[PDB]
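Since the structure comes first, as structure tokens, the remarks are kept for the end.
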There are 2 protein chains.
Amino acid sequence: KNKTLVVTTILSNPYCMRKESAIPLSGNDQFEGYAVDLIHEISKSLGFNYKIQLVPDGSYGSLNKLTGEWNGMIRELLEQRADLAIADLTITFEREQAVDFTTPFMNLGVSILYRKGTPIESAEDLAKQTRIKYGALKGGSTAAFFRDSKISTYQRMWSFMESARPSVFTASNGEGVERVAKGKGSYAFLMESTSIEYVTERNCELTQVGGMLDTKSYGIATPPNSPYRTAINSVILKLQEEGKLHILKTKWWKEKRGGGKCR
Amino acid sequence: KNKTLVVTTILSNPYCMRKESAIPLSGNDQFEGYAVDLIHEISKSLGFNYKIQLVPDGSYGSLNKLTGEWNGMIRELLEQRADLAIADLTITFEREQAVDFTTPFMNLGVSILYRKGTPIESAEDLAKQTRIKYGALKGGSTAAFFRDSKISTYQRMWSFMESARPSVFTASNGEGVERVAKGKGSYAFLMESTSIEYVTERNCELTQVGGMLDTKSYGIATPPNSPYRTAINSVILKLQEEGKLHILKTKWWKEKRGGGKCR
Ligand SMILES: N[C@@H](CCC(=O)O)C(=O)O
Ligand SMILES: N[C@@H](CCC(=O)O)C(=O)O
Ligand code: NA
């Protein structure tokens, strides 16, 4: 009951955002968002206290094959500096070899963020040209999807992205969004559908292009042999069945920070 | 492994179906479908043999609350008469208290199966009348969703279903489909969206009414603390990422047994 867990997370709209505040904030009070609410609900049900700490390297977690070393939130778990990672963190085979994910709390797939009203209607339309540049978050699961694909269209896109100069990869979703929004049609961003929907609810000149290219989920990551994973799974399923995960999705995707006004 | 596992499953289109054969079949060879293909892939990767056994009481698994006894596939796992349950088996909070689950292999939600072309557009449209009767699979997660809901619409529908001339509940999805088809508008069946889609791909006079009422997943269930769950979990993620789960979905939902012919 007096247990205090360290939660690693990452700034990504609307999962975890700095509050809009002209006065100084500190601690957990600095942050809000879907993931902040989710960990609050989990901590209440299971009766622990927690400290939110942004991952110092601003990375989700990738594996360097040369060194065999992880970075990002995954590394914070493996090095025992965090007890839980709660974010838009994709459950991947590769990460699950190193850490243990909970059952999912959100489903998604890779898609395309671009401006509205253009001839680009699909990934095929992007891969077939070079006028519009396109990229993805560096080191994330979207980039890995393209890198590891054996579909010709996605192999062609990966080759284009790896070869492009200056880099088409971004350090964050937010950077990708800004590059689309201010790019005057010269850039499209490969982005997770959930994260796209937050943007398109608020920037009425942007849209998701095409459908989802794969299917995947976010889950809470825990270190190997964590004594909390199983209890958290029950909380997630309870919140799911009670409808509270959907309420939190509506709150952050349609209501907070000017959502839902694109006519 | 090596090793021979018992897999419990249940007849449900297209997850597990008896092959159509002039000659009586025996053993695993009598079955086919998405779940059969899935277990085949898992056994290939992990190197084990398996025996498919239909759950003898033909039930998914419900908890008699005052008795505390489970039935169905869940009971086969608890009694260690099966090593894995591989079916259109919903990951529920209640089941998670008793057995373990893998990460999901498929996502879905409750929806409505009814005839095409009517003015019924939503659950509310059914709830506000009494002419058209509606029901669900007895003892499944769809019925539980309605029984435990605090939404007035779904409380009204639950109250209607619990009181009945003949029961509006069914023993299988297939029974519910046949009651819709032969009911000529007198009956709607509350049914999982995945299973609806198999039907509406093949019976062009039936349709899904409205959207999904909740969000949930199927996963493979094991006895609690099974030593095989972790390994199977990783295979599911690998198959997901390779696109093989989607290939299997397309196979059974769009191709097999006359799929894909409705305009
Ligand atoms: N959710 C992704 C990051 C975003 C992306 O790659 O598109 C991950 O966990 O790696
Ligand atoms: N998949 C459900 C059965 C079908 C239903 O309830 O609609 C379960 O596992 O209980
Ligand atoms: Na793991």
Side-chain angles (χ1 to χ4, degrees), chain A residues 10 12 15 59-62 72-74 77-78 85 87-102 106 108-111 113 135-146 169-170 172-174 176 189-196 214 216-219 221-226 229, chain B residues 10 12 15 59-63 72-74 85 87-92 94-95 101 103 106 108-111 113 135-147 169-173 176 189-196 214 216-219 221 229-231 233-234 237:
Chain A
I10 195 169
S12 178
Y15 313 94
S59 302
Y60 284 82
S62 62
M73 285 178 283
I74 299 298
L77 298 171
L78 293 171
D88 49 329
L89 184 61
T90 303
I91 308 174
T92 72
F93 170 90
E94 184 185 57
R95 282 165 182 165
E96 181 65 43
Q97 303 315 290
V99 297
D100 297 337
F101 282 92
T102 65
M106 189 176 295
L108 59 136
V110 174
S111 196
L113 179 71
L137 170 78
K138 187 185 169 188
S141 58
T142 300
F145 170 71
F146 282 95
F169 296 100
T170 67
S172 66
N173 275 341
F189 188 57
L190 296 165
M191 186 175 189
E192 287 173 337
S193 56
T194 43
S195 304
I196 294 177
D214 65 354
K216 71 189 86 198
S217 293
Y218 304 141
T222 74
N225 290 329
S226 159
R229 176 187 55 84
Chain B
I10 190 169
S12 181
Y15 312 95
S59 305
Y60 287 84
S62 54
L63 178 57
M73 289 181 278
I74 301 297
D88 53 325
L89 178 69
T90 305
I91 305 172
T92 69
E94 184 181 59
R95 288 167 178 159
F101 285 91
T103 201
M106 193 175 290
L108 59 139
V110 172
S111 194
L113 182 68
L137 193 140
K138 174 169 262 304
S141 62
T142 296
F145 168 73
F146 280 93
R147 176 168 60 247
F169 298 91
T170 70
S172 68
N173 278 340
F189 187 57
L190 298 161
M191 185 173 185
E192 286 173 336
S193 55
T194 43
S195 307
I196 292 178
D214 64 356
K216 73 192 85 202
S217 292
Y218 304 144
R229 185 189 66 81
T230 294
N233 195 69
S234 280
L237 296 171

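All ligand and atom numbering here is 1-based and tracks the order in the structure. Order of the sequence lines sets the chain letters (A, B, ...), proteins ahead of strands, with each chain counted from 1.
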Checklist entry - Which atoms of ligand 1 sit under 4.0 Å from any heavy atom of A:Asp88? => result 1 (N), 2 (C), 9 (O)

Checklist entry - Is the NZ or CZ atom of B:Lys138 positioned over B:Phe169's six-membered ring, under 6.0 angstrom from the centre and within 45° of the axis? => result yes

Checklist outcome for this item: In short, A:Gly61 meets A:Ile74 closest at the heavy-atom pair CA-CG1, 3.9 Å

Checklist outcome for this item: Atoms of ligand 1 under 4.0 Å from any heavy atom of A:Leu89, numbered from 1 in the order shown, are 9 (O)

Item to check | Side-chain heavy atoms of A:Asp88 within contact of A:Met106, under 4.5 Å | outcome: no

Checklist entry - So A:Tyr60 and A:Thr90, side chain to side chain donor-acceptor pair (under 3.5 Å) or not? Walk me through it. => result CA-CA 9 Å; A:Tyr60 284 82; A:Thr90 303; over 6 Å; no

Next on the checklist: Distance under 4.0 Å to a non-hydrogen atom of A:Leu137: what atoms of ligand 1 satisfy this?
Outcome noted: 3 (C), 4 (C), 5 (C), 6 (O)

Checklist entry - Of all the heavy atoms in A:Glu192, does at least one lie under 4.0 Å from an atom in ligand 1? => result yes

Checklist entry - Which option, B:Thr142, B:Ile91, B:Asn173, B:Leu190, owns the non-hydrogen atom nearest atom 6 (O) of ligand 2? => result B:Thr142

Next on the checklist: Using side-chain heavy atoms (C-beta onward) and a distance below 4.5 Å, is A:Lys216 in contact with A:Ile91?
Outcome noted: no

Checklist entry - Which is the closest N/O/S atom of A:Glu96 when seen from the Na ion (ligand 3)? => result O

Checklist entry - Which heavy-atom pair separates A:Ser172 from A:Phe189 by the least distance, and what is that distance? => result O-CZ, 4.2 Å

Checklist entry - Which atoms of ligand 1 sit under 4.0 Å from any heavy atom of A:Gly140? => result 6 (O), 10 (O)

Checklist entry - For the Na ion (ligand 3), what is the closest N, O or S atom on A:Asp100? => result OD1

Checklist entry - Quick check: does A:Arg95 put an N/O/S atom under 3.0 Å from the Na ion (ligand 3)? => result no

Item to check | B:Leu137 to B:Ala143 - nearest heavy-atom pair and separation | outcome: O-CB, 3.7 Å

Item to check | ligand 1-proximal atoms of A:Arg95, by part, heavy-atom distance under 4.0 Å | outcome: side chain

